[PDB]
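Undergrad: Let's see this in three dimensions:
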Amino acid sequence: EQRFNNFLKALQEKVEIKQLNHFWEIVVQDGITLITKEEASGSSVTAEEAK
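TA: Residues are numbered from 1 along each chain as shown. See below for the structure:
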């Protein structure tokens, strides 16, 4: 869950950095339709899903 918190802190930024119409639009659409972050280091991951 600690490396998992690190992976949460990474993955959202990593997918949002890749800005391609072929990919980014639909991928973040389908993400935000069901986006979720599992608890790790308290509310830090809670901030992750807050933005």
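
Undergrad: Mind telling me what element residue 47 is part of?
TA: Here residue 47 sits within helix 44-50, counting by DSSP states H and E.

Undergrad: Give the other helices and strands that that helix contacts.
TA: Contacting helix 44-50 under the criterion 3 or more Cβ pairs under 8 Å, 6 or more residues apart in numbering; DSSP states H and E are the following elements: helix 2-17. Quick note: C-beta positions are derived from backbone N, CA and C, even for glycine.

Undergrad: C-terminal to the helix it packs on, what's the next element?
TA: Beyond helix 2-17 in the direction of the C-terminus, DSSP H and E gives the next helix or strand as helix 24-33.

Undergrad: Tell me who's in contact with the residue minimising distance to the centre of the chain.
TA: The centre of the chain sits closest to residue 12, judged by Cα atoms, centre = their mean, with a distance of 3.0 Å. By Cβ atoms under 8 Å, 6 or more residues apart in numbering, residue 12 lies in contact with residue 48.

Undergrad: buried residues in the helix holding residue 47?
TA: By 16 or more other Cβ atoms under 10 Å, the buried positions in helix 44-50 come out as 45, 48.

Undergrad: Isn't residue 37 up against residue 8?
TA: Yes - Residue 37 is within contact range of residue 8, at 5.5 Å (criterion: Cβ atoms under 8 Å).

Undergrad: any residues in contact with both of these two?
TA: Residues touching both residue 37 and residue 8 comprise 45, 48, with contact defined as Cβ under 8 Å, 6+ apart.

Undergrad: Compute the distance between residue 44 and residue 28, please.
TA: Using Cβ to Cβ, to the nearest Å, residue 44 is found at 21 Å from residue 28.

Undergrad: now swap in residue 15 and tell me
TA: According to Cβ to Cβ, residue 15 and residue 28 sit 7 Å apart.

Undergrad: repeat for residue 5
TA: Applying Cβ to Cβ to residue 5 and residue 28 gives a distance of 21 Å.

Undergrad: Ok, residue 38 next?
TA: When distance is defined by Cβ to Cβ, residue 38 is 19 Å away from residue 28.

Undergrad: neighbour count winner among those two?
TA: Ranked by neighbour count (other Cβ atoms under 10 Å), residue 38 and residue 28 place residue 28 first, with 16 against 11.
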